[PDB]
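**Student:**
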Amino acid sequence: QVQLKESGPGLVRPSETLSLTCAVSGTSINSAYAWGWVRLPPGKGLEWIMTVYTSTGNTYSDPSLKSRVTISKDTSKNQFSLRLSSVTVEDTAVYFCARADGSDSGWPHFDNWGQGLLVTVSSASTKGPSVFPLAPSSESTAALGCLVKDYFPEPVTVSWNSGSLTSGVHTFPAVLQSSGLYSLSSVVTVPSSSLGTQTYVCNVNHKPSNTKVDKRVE
Amino acid sequence: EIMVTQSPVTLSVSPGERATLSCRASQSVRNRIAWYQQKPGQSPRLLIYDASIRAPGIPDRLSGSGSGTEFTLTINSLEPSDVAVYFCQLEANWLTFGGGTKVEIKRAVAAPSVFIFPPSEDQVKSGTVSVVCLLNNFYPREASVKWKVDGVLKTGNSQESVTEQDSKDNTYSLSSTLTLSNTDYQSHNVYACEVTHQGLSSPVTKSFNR
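Those sequence lines, one after another, are chains D and B. Under my numbering, the first residue of the first sequence carries the number 1, and numbering increases by one thereafter. Under my numbering, the first residue of the second sequence carries the number 219, and numbering increases by one thereafter.
In structure tokens, the structure reads:
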């Protein structure tokens, strides 16, 4: 009965200030016990950042980043924002905002999380991907795919036949190449007898670069 | 100063059996532990708060317990919908989560289907070609992929990626990409992908010319 939605830039230059806004829908923000920010670094679990309490406005933050983080609250917009300053590349993570509940004990726990927003910290520029088809060499099952090469930053969306084909599809997580750019594959297994009577297209979407490409695979 | 350590890192449980996850606090914290479930690409969902209280909507199969320093999350009759990462959280003003525990179901040994994809013709115009080898639907999580160009081993020039455990058949897929320059790709002939896996009696090799 409460929905949270993170907002902010997906790419931030180093040493700048990351500003993320958490829009709350369903209830008043001050009707909640407390609100918090938690991020998910690559190769790391959940790491709590800040927590603001409604009745007092008091803030608690992780000591390893105390002077670099603040939180503002706008009751008119029914939202609260997180501001991280002097941002380094260590701050690249998926940032969530969540509602806290103290139960009878008064100790906080999160009961409602937002979608989460990926923020990459890099001085690199936004780059669109190159999409190449993946077909076997020129046997009861064929493997078709698309290679989404050299894009920045994450993420990208890949669907097959405009979401009409889901079975046998495997979209692999992206791999960070040593060039600073990402590349992933998205494969699908189909009956070999259907290759002549069935078209297979991959729908690649890279919102950071405003790129959209559909590739016919044969 | 209080730390919460989870154990084990990965947990492999047969379908219908019991999964027992551990969360150890460095100091006695009574019942101030909350458990969360997080699936890949999704937000964390609250399972247990105050050590043993189920969140609304959480089935009776899952139940938390423990007081003091050691805490346990139990998943009885494990379901394919239970494959996720589970976090325990210390309920304090200075919050802190555990490292997380990945849970997967146990399956019969499944051999992988090995496919290899020659680079498209528009790749060579770019100056860089990428050949992809696909390992599709195998249960033993780890395999060994080897790239051989004219018999020369070239594994350190590739990158691999593994998808999550499938919700339907409970297998894993792997995709390796060997990235070379066009001026180096045109100077060699045979490009082979050698796969070693538990479900294979001998290594499987897929190759192509040109």
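Where a beta carbon is used, it is the ideal one built from N, C-alpha and C, also for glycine.
(1) Counting pairs of beta carbons, one from the stretch 120–131 of chain D and one from the stretch 205–216 of chain D, are three or more of them closer than 8 Å?
(2) Could you pull out every residue in the same chain whose Cβ sits closer than 7 Å to the Cβ of residue 302 (chain B), ignoring the five residues on either side in sequence?
(3) Could you please tell me which residues of the stretch 176–192 of chain D, in chain order, have their CB closer than 8 Å to any CB of chain B?
(4) In this structure, does DSSP put residue 29 (chain D) in helix, strand or coil?
(5) Nearest-angstrom Cα distance between residue 230 (chain B) and residue 6 (chain D)?
(6) Compare the beta carbon distance of residue 149 (chain D) and residue 132 (chain D) with 9 Å and say whether it is the shorter of the two.
(7) If you draw a straight line from the alpha carbon of residue 418 (chain B) to that of residue 69 (chain D), how long is it in whole angstroms?
(8) To be precise: take each residue of the stretch 235–253 of chain B, compare its Cβ to all Cβ atoms of chain D, and keep it if any distance is under 8 Å. Which residues remain?
(9) List the residues of chain D whose Cβ lies closer than 8 Å to the Cβ of residue 430 (chain B), in chain order.
(10) What would DSSP say about residue 374 (chain B), mapped onto helix, strand or coil?
(11) May I ask you to report which of helix, strand or coil DSSP gives residue 112 (chain D)?
(12) Are any of the Cβ atoms in chain D nearer than 9 Å to that of residue 284 (chain B)?
(13) What residue from B:267, B:262, B:319 and B:285 has the CA that sits closest to residue 245 (chain B)'s CA?
(14) Looking at chain D, is there any beta carbon in it that lies within less than 9 Å of the beta carbon of residue 228 (chain B)?
(15) Taking residue 23 (chain D) as the reference, which of D:33, D:55 and D:116 has the closest Cα?
(16) Taking C-beta pairs closer than 8 Å, name the residues in chain B that residue 47 (chain D) reaches, listed in chain order.
(17) Could you tell me if residue 220 (chain B) is buried or exposed, where buried requires 16 or more neighbouring beta carbons within 10 angstroms of its beta carbon?
(18) Between the stretch 375–389 of chain B and chain D, which residues of the former have a C-beta closer than 9 Å to a C-beta of the latter?
(19) For residue 157 (chain D), does the count of other Cβ atoms within 10 angstroms reach 16, so buried, or fall short, so exposed?
(20) Cα separation between residue 353 (chain B) and residue 67 (chain D)?
(21) How is residue 16 (chain D) classed by DSSP in three states: helix, strand or coil?
(22) Does residue 111 (chain D) get closer than 9 Å to chain B when you measure Cβ to Cβ?
(23) Going along the chain, which unbroken runs of the beta strand (DSSP E) with 3 or more residues stay wholly within the stretch 220–296 of chain B?
(24) Nearest-angstrom Cα distance between residue 35 (chain D) and residue 98 (chain D)?
(25) When the Cα atoms are used, what is the spatial distance from residue 414 (chain B) to residue 382 (chain B)?
(26) Please check the pair residue 121 (chain D) and residue 89 (chain D), which I expect to be a contact at CB under 8 Å, by giving their CB distance rounded to whole angstroms.
(27) Return no unless some Cβ of chain D is closer than 9 Å to the Cβ of residue 312 (chain B).
(28) Would you tell me roughly how many angstroms separate the C-alpha atoms of residue 351 (chain B) and residue 143 (chain D), rounded to the nearest one?
(29) Measure from the alpha carbon of residue 306 (chain B) to the alpha carbon of each residue in B:328, B:283, B:277 and B:298, then state which is nearest.
(30) Specify, as a first and last residue, the run of the beta strand (DSSP E) that residue 349 (chain B) falls within.
(31) First and last residue of the beta strand (DSSP E) that includes residue 309 (chain B)?
(32) May I ask you to list, following chain order, the residues of the stretch 87–98 of chain D that have a beta carbon less than 7 Å from some beta carbon of chain E?
(33) If residue 276 (chain B) and residue 291 (chain B) are in contact, beta carbons under 8 Å, what's the gap, nearest whole angstrom?
(34) Listing by chain order, which chain B residues have their CB less than 8 Å from the CB of residue 116 (chain D)?
(35) Any beta carbon of chain D sitting closer than 9 Å to that of residue 264 (chain B)?
(36) Verify the CB distance criterion: does residue 136 (chain D) have a CB-CB separation below 9 Å to chain B?
**Tutor:** In this structure, then:
(1) yes
(2) 255, 256, 257 and 321
(3) 177, 183, 184, 185, 187 and 189
(4) helix
(5) 34 Å
(6) yes
(7) 53 Å
(8) 249, 250 and 252
(9) Any answer about residue 430 (chain B) is impossible in this case: the structure gives chain B only from 219 up to 428.
(10) helix
(11) strand
(12) no
(13) B:285
(14) no
(15) D:116
(16) 315
(17) exposed
(18) 377, 378, 379, 380, 381, 382, 384 and 386
(19) exposed
(20) 48 Å
(21) coil
(22) yes
(23) 222–225, 228–231, 237–243, 251–256, 263–267, 280–283 and 288–293
(24) 6 Å
(25) 20 Å
(26) 5 Å
(27) yes
(28) 11 Å
(29) B:283
(30) 346–356
(31) No beta strand (DSSP E) holds residue 309 (chain B); DSSP gives it neither H nor E.
(32) Of the protein chains in this structure, namely D and B, none is chain E.
(33) About 11 Å separates the two Cβ atoms, so there is no contact after all.
(34) 261
(35) yes
(36) yes
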